[PDB]
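Please read the structure below before turning to the comments.
Read the figures in this text as sums done on the coordinates, not as results from a lab. Cβ sites come from the backbone with ideal geometry, for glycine too, and all protein chains shown count toward neighbours.
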RNA sequence: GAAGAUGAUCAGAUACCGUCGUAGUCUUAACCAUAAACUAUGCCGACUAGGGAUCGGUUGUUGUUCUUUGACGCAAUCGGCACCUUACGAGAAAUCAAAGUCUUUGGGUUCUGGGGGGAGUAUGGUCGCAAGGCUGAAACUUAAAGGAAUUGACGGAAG
Ligand SMILES: [Mg+2]
Ligand SMILES: [Mg+2]
Ligand SMILES: [Mg+2]
Ligand SMILES: [Mg+2]
Ligand SMILES: [Mg+2]
Ligand SMILES: [Mg+2]
Ligand SMILES: [Mg+2]
Ligand SMILES: [Mg+2]
Ligand SMILES: [Mg+2]
Ligand SMILES: [Mg+2]
Ligand SMILES: [Mg+2]
Ligand SMILES: [Mg+2]
Ligand SMILES: [Mg+2]
Ligand SMILES: [Mg+2]
Ligand SMILES: [Mg+2]
Ligand SMILES: [Mg+2]
Ligand SMILES: [Mg+2]
Ligand SMILES: [Zn+2]
């Protein structure tokens, strides 16, 4: 009980100065307090995608630890992914959720073909790589759901994507690399310059600049 | 040896744009190179470019504006029928709403969207987006 | 066994095979 | 990006690098936002009134940010005869 | 066991004991 | 543009050459090439101090844009520059970082001296490498005093000067403090003589 | 592989398994009725043990 | 340039080289050599009839230890001799 | 050896950062003070803490100690290092009244609109 | 895997280097690969440099040095501690000690 | 110095070590055509990044020594043998200025591989005086074999 922010960003979120995560993203501000994500995205649902047991050989024998993989998202364009190791699974899952929240990125939903209704798919073909695993996301028409393996399908669902084709290459059974590659891929949508984004936008002042006194100390 | 001067031109453009440079030197020039750049310039993917006469094949200096994701050639210049253009645009372009496949048709060099408008087809030459 | 000596064993045994077939030439 | 009815269905129109025009991603933490004060005719800094430039972490990573600011500021009049177009 | 298997189920099984002991000590005493 | 009162005056130019500011390292990297005027026959490279002055004026204008003066961090790991940054912080209200920079001061939020500066200013990219690296993790712009061998990676504003001079370091810091205060209006105009002497900001040996 | 061996022990376990007759249990419903039975058992009267849901819980 | 010809008139080289290289697929080799037809005891058939020659029994591999109870069968269609396992607890007593 | 441990080294230096005005250079006086300042479980640790605290106090009077930061050593130091000579050693009065820059640097000076007297020096 | 980028020798832009015999074990070793030490040692041990000068019939006669170039193969040199096993990162250091 | 013989060592030692020693080693005419024949990395062309050295050539220029020209020094450049830093970029990693410009997938072109064994075996052909070279299967068997790196353990390796 009782959260005391330790960062400038946390203080600005503790006061009603910053009310959405898109203000965080506009200035690429680093997030270090999970309470920021809880306040701005109150309705988050998590899912423990995989649990693995890793062992470290010692002089007498193995010292076993538990590795947890957690996927977080709001099903409306924001998604995160966390992997953390601890002695116990319950503490590992709880801590993996925290760092999954800290890494939450926005995604661009777009239209396959006509722009009728709300965006339902990706705006362009994207690809991500981690290890040997390469995950490719292709925009899909409104009928096909998530054409992906159950591991990749869950990441897409929590991000709010309705319509997408998928193709993966490499050792997809390495679950951590597959999710990390897809997380990088889904985040590249806000890295791909499209002609509708060609317009130059003015650089607004950072929220850390306009509210300097509330973040002082 | 030098088997495709358009590939050399686009390779120089790709390497300069990815490294953030706003200008690139291309050698040698050609009519196809100039017309490929003109199509790119018409859609805003490059800026002004300059042809330098050296009493030889020539050189070109192109101004880059950072909007270019990728331009490339298709070697060889495959023959493309009109019913095959849909398959080519699906494979090469990032989406159905932007990007262009450049063709050389007997009606001239043009993007696949202009090619659909004038109902012509030729050999595939490259792409840009 | 060593790859070099395995080859020598087979070369000497191929040598034997060649000599054995020549009987019925 | 906007839908058929014209509503801006896009959330978070991102910033772009002033030097290379690349999109500055939401987690590009090597990217910075330079704020430069305006100066009145008395030699005094004008309060809360700035020229702003943004650089992606890529430009800063190549070590070209310094020469890019020399060019970018000189075109905006913030500098004189420090950056040369022709080398 | 390979997996953490029931790891916490053992703890959630552990927890009715504290609520049962606070409640057990809260009764007799009330009527002691 | 800029009023002519902001031009390099002859007085400041005398200070810069007497403090050996114009002496740049023998070997120059490609990114510092615009700042070299000509190479001196011994091997030293002559710094175009006209460019040095404008970067100083440009740097002071960026410093003046930070709202909280304590949010500006001035750093120096070289012993020749340690005295300069402590006095600069006192005069301007900035936060000085002299000597060792504790790794994790910008990224680890449970450390003792955990800061969130809006701007980091560096005396030398070579000897202050640790401070510059962490700034590229938390979106901190970097202003650096650069010699001809100083790296320019993750350096936005480079001040061409002599980083390896006992007198060179103090003068550039003294000049910034005077100009930063001039913009704030503390100094009435660009002609009033400052009470502080450039001798202050200079390193003193334990002898004295 | 050396292959041989006495064949006298063929069928040992199945022969010595004690025969148990099936209790004459009520027939289970067939066709559309059986799909109806499974649906209620899994989504109408949920028997979950506070997030622990088992189709065939052994008595424990 | 990826080490293979790309020219528009090099289709024969691509077709022949691929034809040469599918021989590295053993599944493909067995289909064209007709190895099931020539070497397989069934001759490519799914099933085959035979006459029981003897009840014998095969010792299992490590780390397992058991007597796998099989029979020796001579196929009617071609006279070839194979060993066939007799599944389930005690079905060897059904085979004479 | 007589190497003090960490439970006594860090606990003693917390006292200096917290109770420097009340401390002193005498162990006997220091020994009595820590019995009312800290809760020490054993007598032997109380003398050990005071014996190293006294040593640190004896070391602070000889100069600044590492690891102890309080509130009067540094406040006195900011204006302690104010020494400045009457002549600037950078003022052009040590020389004849003009710069001694090398002739190559003088060309840069000539390029700018400045007329400053110079005695060119050619080290070569 | 590949342990050293130089393959333990000094052969680049060359096909073959003629061998030399190790001083210690007489193993044939290529000249670029051999561990080479230049030694300039005094011909007389420091204990005997005084009495030999007094017994000398020449006033102020300088004792000659003993010049020798030693060639070792890899097994002899490692065995004789001429070179030692270094860490993976310390192997790259090739300045003289 | 293969072979062979011999003195030692060892439980045994045909060997390591020691002593003799024939082919061979060298050369002339012919054969052979194989090597971890290695950069385990095809060739041609373009581009992408900095630095200090060096070899060959050319062009501008010295507080240096020398005949009585030549040497050295400083800059540019083309080409090389290499080397150092970084990683825009690649990779499973070790690592790579190419092993980069590869789902944002197409510069030209030659050769090779398709789980591990059986196997470079049998057979046919062909070259060779021979040893052998080149071409080259199948039956059958098998759930792994293998690459890089990590922790530990061990080592008649170093500190
Ligand atoms: Mg841990
Ligand atoms: Mg990108
Ligand atoms: Mg589409
Ligand atoms: Mg289209
Ligand atoms: Mg970084
Ligand atoms: Mg097989
Ligand atoms: Mg102690
Ligand atoms: Mg090895
Ligand atoms: Mg050669
Ligand atoms: Mg060789
Ligand atoms: Mg030597
Ligand atoms: Mg013998
Ligand atoms: Mg021949
Ligand atoms: Mg190869
Ligand atoms: Mg595909
Ligand atoms: Mg065989
Ligand atoms: Mg291995
Ligand atoms: Zn040897």
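Highest mean packing comes first when the peptides B:77-85, F:113-121, G:30-38 are listed by Cβ atoms within 10 Å, giving F:113-121, B:77-85, G:30-38. Ranked by the mean number of other Cβ atoms within 10 Å of their residues, highest first, the peptides A:89-97, A:64-72 fall in the order A:64-72, A:89-97.
Cβ-Cβ distance of residue C:7 and residue H:72, R₀ of 41 Å, FRET efficiency by 1/(1 + (r/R0)^6): the value works out to about 0.55. I'd like the orientation of helix D:65-75 relative to chain D: the angle between its Cα long axis and the longest Cα principal axis, in ° from 0 to 90, rounded to 10. So the helix axis and the longest Cα principal axis differ by about 80 degrees. The modelled label-to-label distance for the pair residue A:17/residue D:52, using points 7 Å beyond Cα in the direction of Cβ, is 1.5 nm. Name the shape class, rounded, prolate or oblate, that the alpha-carbon gyration tensor gives for chain A, where a ≥ b ≥ c are the square roots of its eigenvalues, rounded holds for a/c under 1.5, and otherwise prolate holds if a/b is larger than b/c and oblate otherwise. Oblate, because a/c is 1.5 or more while a/b does not exceed b/c.
When the helices in chain F are scored as -39500 (n - 2.57) per DSSP H run of 4 or longer and the sum is shared across all residues, what 222 nm value do you end up with, to the nearest 500 deg cm²/dmol?
-10000 deg cm²/dmol
Shape class of chain G from the alpha-carbon gyration tensor: prolate, with a/c at 1.5 or above and a/b greater than b/c. Taking every alpha-carbon pair under 8 Å whose residues sit at least 6 apart, chain B reaches a relative contact order of 24 percent.
Peptides A:181-192, E:3-14, H:62-73, E:19-30 ordered by packing proxy, namely the average of other Cβ atoms within 10 Å per residue, highest first: A:181-192, H:62-73, E:3-14, E:19-30. A helix-only calculation puts chain B at -9500 deg cm²/dmol for mean residue ellipticity at 222 nm, using -39500 (n - 2.57) for each DSSP H run of at least four residues, averaged over all residues. Using bins of 5 Å that start at zero, the share of Cα-Cα pairs per bin across the range D:1-70 amounts to 3, 14, 19, 15, 13, 14, 11, 6, 3, 1, 0, in whole %. The distance between label points at residue F:69 and residue H:96 comes to 11.3 nm (points 7 Å beyond Cα on the Cα→Cβ vector).
Overall shape: rounded for the protein assembly as shown, with the ratio a/c of the largest to smallest alpha carbon gyration tensor axis below 1.5. Each residue in I:122, E:32, A:169 was given a count of other beta-carbon atoms within 10 angstrom of its own, and listing them fewest first yields E:32, I:122, A:169. Relative contact order of chain J, taken over Cα pairs closer than 8 Å and 6 or more residues apart, is 29 percent.
Semi-axes of the equivalent ellipsoid for chain F, computed as √(5λ) from the eigenvalues of its C-alpha gyration tensor and ordered from largest down, come to 25, 21, 17 Å. Ordering A:34, B:51 from the fewest to the most neighbouring beta carbons within 10 Å gives B:51, A:34. Here the spin labels are modelled as points 7 Å beyond Cα on the Cα-Cβ line, and at residue E:26 and residue F:26 they lie 8.4 nm apart. Averaged over the residues of peptide E:7-16, the number of Cβ atoms from other protein chains lying within 10 Å of each residue's Cβ is 2.
Counting only other chain Cβ atoms within 10 Å of each residue's Cβ, the peptide D:66-75 averages 5. Rounded to 0.05, the FRET efficiency of the residue F:133 and residue A:173 pair, given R0 = 51 Å and the Cβ-Cβ distance, is 0.90.
Computed from the C-beta positions of residue G:56 and residue D:38, the FRET efficiency with R₀ = 51 Å rounds to 0.10.
Taken residue by residue and averaged, Cβ atoms of other chains lying within 10 Å of the Cβ of A:27-34 number 5.
Dividing the radius of gyration of the alpha carbons in chain I by their Kirkwood radius gives 1.45 for Rg/Rh.
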